[PDB]
Number of protein chains: 6
Amino acid sequence: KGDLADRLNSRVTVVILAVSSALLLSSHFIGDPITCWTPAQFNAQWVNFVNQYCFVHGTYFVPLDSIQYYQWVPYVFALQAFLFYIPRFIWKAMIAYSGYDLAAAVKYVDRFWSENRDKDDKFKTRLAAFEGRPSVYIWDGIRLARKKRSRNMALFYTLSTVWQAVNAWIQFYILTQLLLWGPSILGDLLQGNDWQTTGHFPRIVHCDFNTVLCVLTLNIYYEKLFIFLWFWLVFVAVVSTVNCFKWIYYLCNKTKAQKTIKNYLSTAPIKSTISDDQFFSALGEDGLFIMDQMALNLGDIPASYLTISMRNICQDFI
Amino acid sequence: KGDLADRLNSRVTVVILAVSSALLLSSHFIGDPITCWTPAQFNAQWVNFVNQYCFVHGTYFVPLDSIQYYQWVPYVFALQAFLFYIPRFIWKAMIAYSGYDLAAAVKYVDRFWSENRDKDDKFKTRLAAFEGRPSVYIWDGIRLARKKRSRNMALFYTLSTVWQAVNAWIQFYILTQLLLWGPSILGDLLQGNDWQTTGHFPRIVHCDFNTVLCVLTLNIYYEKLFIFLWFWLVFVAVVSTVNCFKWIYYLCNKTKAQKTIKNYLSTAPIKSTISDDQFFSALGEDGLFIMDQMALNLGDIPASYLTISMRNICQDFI
Amino acid sequence: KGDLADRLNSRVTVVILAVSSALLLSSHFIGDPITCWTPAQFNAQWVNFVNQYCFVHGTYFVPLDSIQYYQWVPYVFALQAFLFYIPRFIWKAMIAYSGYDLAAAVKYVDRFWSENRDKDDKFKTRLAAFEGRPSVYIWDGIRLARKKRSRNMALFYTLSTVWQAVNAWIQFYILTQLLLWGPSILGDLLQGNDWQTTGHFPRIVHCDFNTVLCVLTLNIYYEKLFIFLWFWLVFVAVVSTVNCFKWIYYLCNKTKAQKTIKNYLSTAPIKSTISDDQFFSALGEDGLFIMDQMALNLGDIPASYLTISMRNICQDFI
Amino acid sequence: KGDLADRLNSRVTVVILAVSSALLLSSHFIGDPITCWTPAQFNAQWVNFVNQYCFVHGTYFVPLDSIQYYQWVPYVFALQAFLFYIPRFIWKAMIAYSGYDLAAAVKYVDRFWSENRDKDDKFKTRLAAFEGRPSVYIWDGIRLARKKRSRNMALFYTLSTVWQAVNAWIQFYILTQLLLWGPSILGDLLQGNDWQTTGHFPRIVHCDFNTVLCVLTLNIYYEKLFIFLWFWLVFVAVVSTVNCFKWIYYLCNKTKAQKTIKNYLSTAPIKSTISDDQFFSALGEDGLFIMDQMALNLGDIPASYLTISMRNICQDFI
Amino acid sequence: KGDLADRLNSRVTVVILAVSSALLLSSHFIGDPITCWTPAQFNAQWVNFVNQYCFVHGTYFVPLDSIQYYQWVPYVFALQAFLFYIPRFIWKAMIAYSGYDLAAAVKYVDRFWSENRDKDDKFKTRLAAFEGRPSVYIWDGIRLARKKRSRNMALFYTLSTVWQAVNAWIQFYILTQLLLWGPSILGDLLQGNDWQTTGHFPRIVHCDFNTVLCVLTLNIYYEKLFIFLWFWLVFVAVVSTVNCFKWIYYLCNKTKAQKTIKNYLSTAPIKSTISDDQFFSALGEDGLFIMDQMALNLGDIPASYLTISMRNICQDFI
Amino acid sequence: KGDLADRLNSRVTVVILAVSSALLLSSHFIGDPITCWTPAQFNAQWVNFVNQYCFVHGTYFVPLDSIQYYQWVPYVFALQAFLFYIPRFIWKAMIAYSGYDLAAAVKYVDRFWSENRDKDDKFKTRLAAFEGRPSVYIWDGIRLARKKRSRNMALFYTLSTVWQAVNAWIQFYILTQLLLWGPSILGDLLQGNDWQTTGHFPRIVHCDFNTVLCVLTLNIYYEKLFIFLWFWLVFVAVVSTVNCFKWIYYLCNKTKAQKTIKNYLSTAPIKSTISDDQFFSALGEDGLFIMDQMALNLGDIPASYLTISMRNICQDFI
């Protein structure tokens with residue numbers, strides 16, 4: 001499992017973009033994406049062809065005295081969705097390459113906690129239980145992964161987050177270069193300049209034919225969709241960027257990363273033998289990140305017990 | 001879980017607004033949102049185009065001797081729904097940031113109560129049971145969150161409620177600026193002035209064409225929908241505002257916030273050692289709010305026992 | 001749970017009114033709510049427009065020598081349904097405000113009775129069982145709610161019932177002012193004066209057009225629906241009114257409210273120590289109503305035991 | 001539960017009448033309930049209007065040298081269904097008012113019998129079991145209901161049955177006054193006089209129009225439905241009437257009502273102390289009817305044991 | 001339950017007749033039951049009316065040099081189905097009136113046998129088991145029903161069977177009087193005289209109209225259905241008649257009715273005390289039929305044990 | 001249950017014939033079973049009538065210089081299916097008449113074997129188990145059926161098989177007399193003489209009309225179906241005939257019927273007392289067939305044990 005804070009905006013982003021793309025493709029593959037009218041005569045076969053013709057071939061707009069992105073929006077959107085989903089796969093491949101495994105360990109500690117957090121018998125001996133079964137498992141995983149490219153796992157995660165933020169900004173750029181910078185156009189539309197006093201974003205366009213005046217139905221759903229995707233992509237971008245900055249400052253500092261651990265270790269009413277600094281040096285590279293992931297998935301109570309137990313038996317290094 | 005009193009009007013509000021928006025969009029995307037009639041001749045292709053033309057392009061109304069919001073209602077409504085749902089997400093993110101966790105603790109005490117409120121054996125020793133398992137959990141959570149930005153959690157909640165009330169009023173304003181103040185128009189309609197003696201809210205409108213007289217079907221479902229959304233939004237707004245005022249006066253007073261707790265503590269037939277004031281100072285910032293949430297979700301009986309037990313073991317501070 | 005006697009006519013009323021409203025709206029949104037015929041010529045586009053025109057615009061009726069409520073029935077009906085559902089929500093909010101909680105207590109005693117009314121072992125000690133587990137719960141609830149605005153809960157209930165009866169009469173008035181007083185019209189229809197010798201309730205009406213003779217299909221389903229809703233609303237109104245009068249006389253008398261309790265207490269073959277009057281004064285405001293609700297939901301047998309047990313341990317007041 | 005003998009013809013009656021009414025309404029709301037033919041010309045819009053016109057407006061029939069009940073059959077039928085369902089609701093409300101409760105007691109004895117009629121251990125002590133658990137419950141119910149308007153419960157039931165029989169006859173009268181007395185018309189149809197040599201029941205009728213000769217499809221399904229409903233309603237009526245007479249003679253006699261009880265009490269090979277007459281006077285008003293209901297729902301074997309046990313412990317009166 | 005031998009031809013008969021009737025009604029209510037052709041001109045509205053006209057009004061047939069049962073077959077068939085189902089209901093009502101109950105007893109002995117025919121422990125003591133639980137139940141039922149109109153239950157059953165056979169023959173007569181006696185017509189069709197050299201059973205018929213030559217599609221499915229229903233009804237009739245004769249000779253003889261019982265009683269290797277004749281006189285009226293029903297439903301093995309046990313304890317009479 | 005070897009070709013035969021018949025009936029009841037073309041003019045109502053006319057009335061075929069079985073194939077096929085299903089019902093009725101019951105006994109021994117063929121405890125005492133429970137049941141059934149027309153049950157089975165084979169041949173004859181003997185026609189079609197150089201099996205046929213040239217679509221699916229049904233029916237016929245011959249030679253010989261039994265009895269390493277001939281005479285008429293059925297349904301291993309056990313306790317005759 002994994003409940004990464006606001007890295008699950010890949011999920012919602014993929015869903016929203018893919019549903020928009022599928023809706024638009026089903027629209028201009030099922031319904032009528034255009035209508036045409038020449039003022040001479042029809043036979044229900046003129047129009048059924050001029051529709052496809054004026055749609056495929058370009059159209060141009062004029063005021064009432066050749067913008068054609070109809071062929072790229074509902075495809076660039078699916079490509080955006082795929083590129084938003086990629087970074088999660090990157091992180092999973094990277095954790096597979098790191099030697100360790102987070103899914104197994106988190107699921108294991110979760111199952112143990114859900115098994116015997118309720119049993120009234122296993123609650124007075126609350127810390128001995130965590131000291132017996134799951135902490136030995138976590139320590140065995142640490143000791144087994146320590147000998148295979150797991151001393152920079154935090155670096156791998158923060159690199160994945162850098163990739164995620166850069167990807168968000170690149171998707172935003174790809175969107176805004178598909179035609180002006182958003183709220184200017186919105187204010188132009190909020191003041192009452194809809195499309196005939198604007199030029200861009202047309203809905204009544206003439207057609208070349210060797211004066212066909214075809215109307216674009218779909219174009220009413222686009223500029224009510226860019227107005228929204230702009231806001232939502234910029235929000236996603238700044239959220240992922242503040243997450244990236246938090247993680248990079250976490251990694252670089254290395255001194256205020258042990259805040260939560262030192263606060264956890266100040267609860268067990270023993271303080272038996274082992275100083276923190278030797279414990280941390282025993283838990284330096286990886287465990288400082290595994291404990292963070294455990295705190296993120298399980299909570300704080302079922303993680304303070306874990307990190308206390310992992311101190312009471314730290315004997316593989318010191 | 002959470003059963004917040006009349007903060008679950010975000011749920012019903014989102015549902016009603018989104019279902020209205022989806023119904024209107026499906027209507028003027030499937031059925032015919034307009035009909036047109038010119039008194040010369042038709043070919044089943046004149047009308048199938050003039051419909052879209054007169055719909056996209058503006059229309060104007062005249063008496064029987066250019067109001068066009070057709071392009072903003074079924075979108076502003078979905079935006080309203082989203083903005084109504086936002087504050088719940090704000091509160092969840094804020095409680096995640098507060099350090100503590102309400103969902104876990106409330107679910108835990110609920111599960112414990114539902115497990116052994118029925119077992120006849122665990123009912124004579126009713127208070128020792130609550131003193132053993134769940135109260136220790138709550139106290140451990142308090143002591144662990146006390147060291148991480150959890151001393152103003154009530155302030156965070158009341159700030160969320162301020163945001164919710166302001167949002168309700170802003171949604172009401174957005175609605176009423178989409179065209180006069182409600183019951184005036186209703187009385188004008190209750191006295192028998194439907195639309196031809198009114199001007200606004202038309203259903204038979206002429207169309208420019210280089211005398212088309214197009215009829216707007218949908219416009220019969222709008223002014224039977226604004227009349228209702230006005231009432232419902234003002235009701236939601238005043239309810240959320242009285243909730244906000246209750247919470248802000250709760251936080252500001254700090255003296256009549258301990259009413260329910262002092263009334264709970266006057267039931268256990270012991271009154272063993274610990275004065276209330278030291279107990280309250282031990283439970284000052286957070287616990288006074290956790291107990292309120294417990295009373296709100298579980299009831300009063302399975303909360304009086306909890307707050308009594310949490311007094312009989314208060315030894316982390318005093 | 002709750003099985004309130006003939007307050008569950010809010011359920012059936014909401015269902016019938018809402019299903020009628022939805023049927024009529026789906027009818028004149030899917031089928032043809034009107035047909036028109038001019039004796040000149042058609043093109044399958046004249047009629048498809050004149051239908052909507054003559055429907056939206058008014059129509060007028062003449063004998064064979066401008067009644068238009070088509071735009072208010074299938075909406076006023078949904079509003080009626082909502083206003084019928086309101087009073088149950090009022091009662092639930094009021095019981096939440098009263099401090100006590102009926103749902104929890106009734107469900108608890110029901111679950112206890114359904115658990116050990118069958119077990120043959122727990123039947124000789126039938127009264128000791130009710131004296132141990134559930135009666136202590138009920139008394140704890142009473143003692144905890146006594147200190148928070150629960151001394152007029154019967155008044156709250158009877159106020160809700162007053163509201164319900166007034167609402168029934170107001171809905172009846174709203175219906176009858178939508179056009180004569182019912183059985184007069186019915187007898188006029190039972191003697192063989194259908195619509196052409198009556199004037200009102202037309203089905204063949206002329207239409208203005210700058211002699212269209214449009215027929216109103218739907219109008220055959222209305223005056224076969226008012227004839228029924230009149231009867232049903234007056235029945236609901238008088239039932240709710242006799243319930244309201246019963247409750248108001250219950251509350252006002254305060255002396256023949258203790259009939260069922262004094263009859264229950266005359267069964268346990270002990271009559272141990274406690275006089276009734278001190279018991280009643282200990283159970284004065286609230287418990288006299290909780291016992292009534294228990295009798296209403298569970299029955300009489302699983303309530304006589306309850307009220308006997310609650311006498312054998314009455315020691316919080318006397 | 002309840003398996004009332006041939007009072008469950010309310011169930012089958014409601015089903016048959018409601019399904020007929022729904023079928024006819026769906027027929028002349030979906031299909032074509034009439035067809036018209038004028039020998040001049042059509043345009044697929046003449047007929048689509050003349051259908052509704054000649055249907056709503058009256059029609060008249062002539063031989064081949066203004067009967068119109070099309071607007072009352074598929075509504076009077078639904079009203080009949082409702083009025084057939086009413087008496088069961090009357091009986092349930094009356095038993096709720098009687099103070100006692102039959103559903104609970106019958107379900108209880110049924111559950112007890114189904115639990116331990118199979119267990120081989122609880123079969124030698126067959127009568128002690130019935131004497132312990134369920135008979136005490138029945139006696140407690142009797143003693144608790146005796147003090148609240150339960151001394152005429154048999155009178156309430158027989159009054160409900162009187163109402164049911166009168167209702168059956170009134171429904172039959174309502175049917176036969178909708179147009180001759182049944183088998184006369186049937187024999188007229190069995191001898192080969194279908195409709196043109198009869199006058200009534202037409203299928204080819206002329207239409208007023210300022211010689212349209214409209215054909216009535218539906219009228220082929222009516223006089224094949226009255227022929228059946230007549231028979232079925234008269235059968236239901238006489239069955240309910242013989243049931244009513246049986247019950248009224250039961251109540252009035254009061255002496256041959258104790259036949260089944262005296263025959264039950266002649267099986268237990270003890271005849272311990274209690275004479276029948278004192279037992280009956282202890283069981284006079286109500287229990288003589290509860291035992292009948294038990295015999296009707298459970299059978300005779302699981303009721304003879306019950307009435308024997310209720311004799312072996314009759315000590316509340318004698 | 002009940003597995004009556006070839007009285008379950010009411011089930012298959014009702015199914016076949018009702019499915020045929022429903023198929024034919026759906027056919028000439030959905031598809032086209034007739035087609036018409038006049039050699040002048042059509043407008044897709046001439047034929048859509050002449051179909052209904054020539055269908056409702058009669059048609060007549062002529063050779064190539066007014067038979068109309070289209071309006072009675074798919075209704076008389078449903079009536080036949082109902083009248084075939086009736087006798088089972090007669091038998092159930094009659095067994096309810098007899099005082100005894102077969103369903104309960106047969107289900108009880110079946111459940112007991114299915115419970116402990118497999119358990120290896122309860123198989124050496126095979127006859128003591130049947131002597132303990134179920135035989136006492138059967139004897140109690142006999143002794144309780146003996147005092148209420150159960151001494152002619154075999155007569156009731158054989159009367160029901162008489163009714164069933166008479167009903168079968170009457171249904172056959174009703175069919176054959178709907179137009180010649182079957183195999184004559186079949187042979188006329190087996191020798192190659194289809195319909196134009198026969199007169200009856202037409203498929204091309206002229207129509208009166210003030211030379212329309214309408215073709216009857218359905219008439220191809222009728223005379224391929226009478227040919228089958230004749231055979232099947234005569235088979236059902238003779239089967240039910242031989243069953244009736246078997247039962248009437250069973251009842252009348254009264255001496256070769258005790259064959260199976262005397263053959264059962266010759267297996268238990270005890271022959272303890274009780275002569276058969278006294279046993280039979282103790283089991284004279286009813287039990288001789290209950291044992292037959294048990295043999296019919298359960299088999300012979302789980303009935304020989306039953307009738308042996310019921311001999312080893314016969315002490316209510318002798 | 002029953003797994004009769006290649007008597008379950010009644011199942012597959014009924015399925016194939018009924019699915020073919022239903023497909024053809026749905027074809028010429030839904031689609032177009034014929035098309036017609038006169039070279040003058042059409043109006044979409046000429047053809048919609050000439051189709052039915054030329055279909056019902058006969059057609060005749062001519063070469064390119066009145067075969068009509070369209071009205072008997074898809075009915076004779078359903079009749080064939082019914083007559084194929086009959087013999088299984090004959091066998092079930094005959095086994096019901098025989099006095100014994102095979103379904104019960106086979107299901108019983110199957111359930112016993114499936115219960116304790118796996119339990120490791122009940123496998124060393126493998127033969128004592130079969131000697132205790134099921135063999136006693138089989139012997140009791142034999143002894144109880146021996147006194148009621150069960151001494152020729154093998155004769156009944158072989159008579160049923162004679163009926164089945166005769167029925168197969170009669171169905172084959174009915175098919176081949178519906179028009180030449182199969183592979184002659186196939187070879188005529190395998191050499192390239194499709195239909196115009198053949199005469200029979202036409203697809204382009206002229207129509208009488210007071211030169212219509214109607215084409216028969218369906219006739220392309222018939223002579224691709226007779227070619228298959230001929231082969232399949234002859235295969236079924238010879239299979240059922242060799243089965244019949246096997247059974248008749250089995251019954252007639254009576255000496256090589258005891259082969260399998262004598263081979264079974266040569267496995268138990270005891271050969272305790274009872275000679276085979278006395279055992280066989282004790283098991284002469286019926287048991288020799290029951291053992292065969294058991295071998296056929298269960299296998300050989302769970303039948304050798306059975307027939308050994310039934311020898312070790314044969315004491316009802318010798």
# chains A, B, ... in the order shown; residues from 1 in each chain; ligands from 1
>>> residues_around(residues="residue 6 of chain B", least_positions_apart="3", cutoff="12 Å", atoms="only C-alpha atoms", output="VMD selection string")
(chain B and resid 2 to 3 9 to 13 161 164 to 165 235 to 244 296) or (chain C and resid 93 96)
>>> write_last_selection(atoms="N, CA, C and O atoms", output="mmCIF file, in the first residue's frame")
data_model
loop_
_atom_site.group_PDB
_atom_site.id
_atom_site.type_symbol
_atom_site.label_atom_id
_atom_site.label_comp_id
_atom_site.auth_asym_id
_atom_site.auth_seq_id
_atom_site.Cartn_x
_atom_site.Cartn_y
_atom_site.Cartn_z
ATOM 1 N N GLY B 2 -17.093 10.439 10.524
ATOM 2 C CA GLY B 2 -17.428 11.759 11.014
ATOM 3 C C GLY B 2 -18.869 12.110 10.718
ATOM 4 O O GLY B 2 -19.322 11.981 9.578
ATOM 5 N N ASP B 3 -19.597 12.563 11.732
ATOM 6 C CA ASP B 3 -21.005 12.916 11.614
ATOM 7 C C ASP B 3 -21.225 14.378 11.970
ATOM 8 O O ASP B 3 -22.142 14.721 12.719
ATOM 9 N N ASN B 9 -23.959 19.239 5.043
ATOM 10 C CA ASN B 9 -24.664 19.902 3.960
ATOM 11 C C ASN B 9 -23.755 20.198 2.778
ATOM 12 O O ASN B 9 -24.252 20.584 1.718
ATOM 13 N N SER B 10 -22.443 20.006 2.926
ATOM 14 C CA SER B 10 -21.584 19.939 1.751
ATOM 15 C C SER B 10 -21.932 18.727 0.902
ATOM 16 O O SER B 10 -21.968 18.816 -0.327
ATOM 17 N N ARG B 11 -22.216 17.593 1.540
ATOM 18 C CA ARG B 11 -22.606 16.398 0.801
ATOM 19 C C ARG B 11 -23.880 16.638 -0.001
ATOM 20 O O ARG B 11 -23.903 16.465 -1.228
ATOM 21 N N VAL B 12 -24.955 17.042 0.676
ATOM 22 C CA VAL B 12 -26.222 17.228 -0.021
ATOM 23 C C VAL B 12 -26.131 18.368 -1.024
ATOM 24 O O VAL B 12 -26.731 18.298 -2.102
ATOM 25 N N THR B 13 -25.361 19.414 -0.717
ATOM 26 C CA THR B 13 -25.225 20.524 -1.653
ATOM 27 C C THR B 13 -24.525 20.082 -2.924
ATOM 28 O O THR B 13 -24.979 20.384 -4.034
ATOM 29 N N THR B 161 -14.291 26.454 9.623
ATOM 30 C CA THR B 161 -15.708 26.802 9.609
ATOM 31 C C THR B 161 -15.926 28.227 9.111
ATOM 32 O O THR B 161 -16.903 28.503 8.403
ATOM 33 N N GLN B 164 -15.839 27.952 5.520
ATOM 34 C CA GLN B 164 -17.052 27.343 4.990
ATOM 35 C C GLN B 164 -18.187 28.354 4.901
ATOM 36 O O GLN B 164 -18.908 28.407 3.898
ATOM 37 N N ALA B 165 -18.353 29.178 5.931
ATOM 38 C CA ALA B 165 -19.424 30.170 5.897
ATOM 39 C C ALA B 165 -19.172 31.226 4.828
ATOM 40 O O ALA B 165 -20.089 31.599 4.079
ATOM 41 N N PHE B 235 -30.658 29.301 2.884
ATOM 42 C CA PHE B 235 -30.805 28.466 4.071
ATOM 43 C C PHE B 235 -29.470 27.859 4.476
ATOM 44 O O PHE B 235 -29.079 27.915 5.650
ATOM 45 N N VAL B 236 -28.759 27.269 3.514
ATOM 46 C CA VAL B 236 -27.443 26.707 3.800
ATOM 47 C C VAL B 236 -26.516 27.771 4.360
ATOM 48 O O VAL B 236 -25.750 27.520 5.299
ATOM 49 N N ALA B 237 -26.576 28.979 3.804
ATOM 50 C CA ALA B 237 -25.673 30.034 4.239
ATOM 51 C C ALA B 237 -25.929 30.412 5.687
ATOM 52 O O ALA B 237 -24.992 30.498 6.486
ATOM 53 N N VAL B 238 -27.192 30.639 6.054
ATOM 54 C CA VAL B 238 -27.434 31.033 7.436
ATOM 55 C C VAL B 238 -27.170 29.886 8.402
ATOM 56 O O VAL B 238 -26.725 30.133 9.528
ATOM 57 N N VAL B 239 -27.389 28.635 7.997
ATOM 58 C CA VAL B 239 -27.057 27.528 8.888
ATOM 59 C C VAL B 239 -25.558 27.469 9.136
ATOM 60 O O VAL B 239 -25.102 27.397 10.284
ATOM 61 N N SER B 240 -24.766 27.493 8.067
ATOM 62 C CA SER B 240 -23.328 27.492 8.260
ATOM 63 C C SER B 240 -22.846 28.706 9.031
ATOM 64 O O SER B 240 -21.885 28.591 9.795
ATOM 65 N N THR B 241 -23.501 29.853 8.886
ATOM 66 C CA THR B 241 -23.080 31.023 9.639
ATOM 67 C C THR B 241 -23.393 30.904 11.123
ATOM 68 O O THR B 241 -22.577 31.313 11.953
ATOM 69 N N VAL B 242 -24.550 30.351 11.492
ATOM 70 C CA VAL B 242 -24.792 30.186 12.921
ATOM 71 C C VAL B 242 -23.857 29.133 13.493
ATOM 72 O O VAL B 242 -23.416 29.249 14.642
ATOM 73 N N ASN B 243 -23.500 28.118 12.707
ATOM 74 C CA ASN B 243 -22.501 27.167 13.186
ATOM 75 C C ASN B 243 -21.158 27.852 13.404
ATOM 76 O O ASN B 243 -20.482 27.618 14.417
ATOM 77 N N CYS B 244 -20.762 28.715 12.470
ATOM 78 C CA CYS B 244 -19.503 29.436 12.605
ATOM 79 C C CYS B 244 -19.508 30.332 13.831
ATOM 80 O O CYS B 244 -18.512 30.418 14.555
ATOM 81 N N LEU B 296 -19.615 13.902 19.837
ATOM 82 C CA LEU B 296 -20.401 14.142 18.633
ATOM 83 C C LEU B 296 -20.593 12.866 17.827
ATOM 84 O O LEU B 296 -21.653 12.662 17.229
ATOM 85 N N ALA C 93 -33.706 16.742 14.327
ATOM 86 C CA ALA C 93 -32.857 17.821 14.816
ATOM 87 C C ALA C 93 -33.233 18.213 16.235
ATOM 88 O O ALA C 93 -32.362 18.507 17.061
ATOM 89 N N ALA C 96 -31.881 15.719 18.626
ATOM 90 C CA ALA C 96 -30.447 15.930 18.772
ATOM 91 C C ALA C 96 -30.167 17.109 19.690
ATOM 92 O O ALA C 96 -29.204 17.089 20.464
#
>>> residues_around(residues="segment 78-88 of chain E", least_positions_apart="5", cutoff="7 Å", atoms="only C-alpha atoms", output="JSON, numbers by chain")
{"E": [10, 14, 17, 18, 21, 160, 164, 171]}
>>> write_last_selection(atoms="N, CA, C and O atoms", output="JSON list (two decimals), in the first residue's frame")
[["chain", "number", "residue", "atom", "x", "y", "z"],
["E", 10, "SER", "N", -50.99, -31.48, -13.96],
["E", 10, "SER", "CA", -51.55, -30.13, -13.85],
["E", 10, "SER", "C", -50.46, -29.09, -14.03],
["E", 10, "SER", "O", -50.67, -28.08, -14.70],
["E", 14, "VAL", "N", -50.69, -26.68, -17.24],
["E", 14, "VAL", "CA", -50.80, -25.24, -17.07],
["E", 14, "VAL", "C", -49.66, -24.54, -17.79],
["E", 14, "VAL", "O", -49.88, -23.55, -18.49],
["E", 17, "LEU", "N", -50.18, -24.78, -21.78],
["E", 17, "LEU", "CA", -51.31, -24.00, -22.25],
["E", 17, "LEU", "C", -51.08, -22.51, -22.07],
["E", 17, "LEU", "O", -51.37, -21.71, -22.97],
["E", 18, "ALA", "N", -50.54, -22.11, -20.91],
["E", 18, "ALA", "CA", -50.34, -20.69, -20.66],
["E", 18, "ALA", "C", -49.26, -20.12, -21.56],
["E", 18, "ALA", "O", -49.37, -18.98, -22.01],
["E", 21, "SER", "N", -50.85, -19.62, -24.95],
["E", 21, "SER", "CA", -51.77, -18.49, -24.95],
["E", 21, "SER", "C", -51.02, -17.17, -24.93],
["E", 21, "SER", "O", -51.35, -16.24, -25.68],
["E", 160, "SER", "N", -61.55, -35.70, -5.09],
["E", 160, "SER", "CA", -60.72, -34.76, -5.84],
["E", 160, "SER", "C", -60.26, -35.37, -7.15],
["E", 160, "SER", "O", -60.21, -34.69, -8.18],
["E", 164, "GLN", "N", -60.85, -34.21, -10.97],
["E", 164, "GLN", "CA", -59.75, -33.97, -11.90],
["E", 164, "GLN", "C", -59.99, -34.67, -13.23],
["E", 164, "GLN", "O", -59.78, -34.08, -14.30],
["E", 171, "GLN", "N", -62.36, -30.28, -20.49],
["E", 171, "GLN", "CA", -61.46, -29.44, -21.27],
["E", 171, "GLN", "C", -61.28, -29.99, -22.67],
["E", 171, "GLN", "O", -61.24, -29.23, -23.65]]
>>> select_by_dssp(residues="segment 116-307 of chain C", states="alpha helix (DSSP H)", output="ChimeraX atom specification")
/C:116,126-132,134-145,153-176,183-190,219-222,226-253,259-264,276-282,287-297,301-307
>>> atom_distance(atom1="atom CA of residue 214 of chain B", atom2="atom CA of residue 30 of chain C")
20.1 Å
>>> residues_around(residues="residue 144 of chain E", least_positions_apart="3", cutoff="8 Å", atoms="only C-alpha atoms", output="ChimeraX atom specification")
/D:264,300-301 /E:140-141,147-148
>>> select_by_dssp(residues="segment 93-305 of chain D", states="strand (DSSP E or B)", output="PyMOL selection string")
chain D and resi 204-206+214-215
>>> closest_residue(among="F:56, F:220, F:67, F:34", to="chain E", atoms="only C-alpha atoms")
F:56
>>> atom_distance(atom1="atom CA of residue 183 of chain E", atom2="atom CA of residue 76 of chain F")
16.5 Å
>>> closest_atom_pairs(of="chain D", to="chain C", cutoff="9 Å", atoms="only C-alpha atoms", output="tab-separated table")
residue	atom	partner	partner_atom	distance
D:43	CA	C:42	CA	7.8
D:44	CA	C:44	CA	8.8
D:45	CA	C:42	CA	7.3
D:46	CA	C:37	CA	7.7
D:48	CA	C:35	CA	8.6
D:49	CA	C:35	CA	6.6
D:50	CA	C:37	CA	9.0
D:52	CA	C:215	CA	7.5
D:53	CA	C:215	CA	7.0
D:56	CA	C:203	CA	7.4
D:57	CA	C:204	CA	8.3
D:71	CA	C:220	CA	8.4
D:75	CA	C:224	CA	8.0
D:99	CA	C:300	CA	8.6
D:100	CA	C:300	CA	8.3
D:101	CA	C:299	CA	8.0
D:104	CA	C:299	CA	8.5
D:108	CA	C:118	CA	8.6
D:111	CA	C:118	CA	8.8
D:112	CA	C:118	CA	7.7
D:132	CA	C:120	CA	8.4
D:133	CA	C:120	CA	6.7
D:137	CA	C:301	CA	8.2
D:140	CA	C:301	CA	7.3
D:141	CA	C:301	CA	6.5
D:143	CA	C:267	CA	8.5
D:144	CA	C:301	CA	7.5
D:145	CA	C:300	CA	8.5
D:147	CA	C:263	CA	7.5
D:148	CA	C:260	CA	8.9
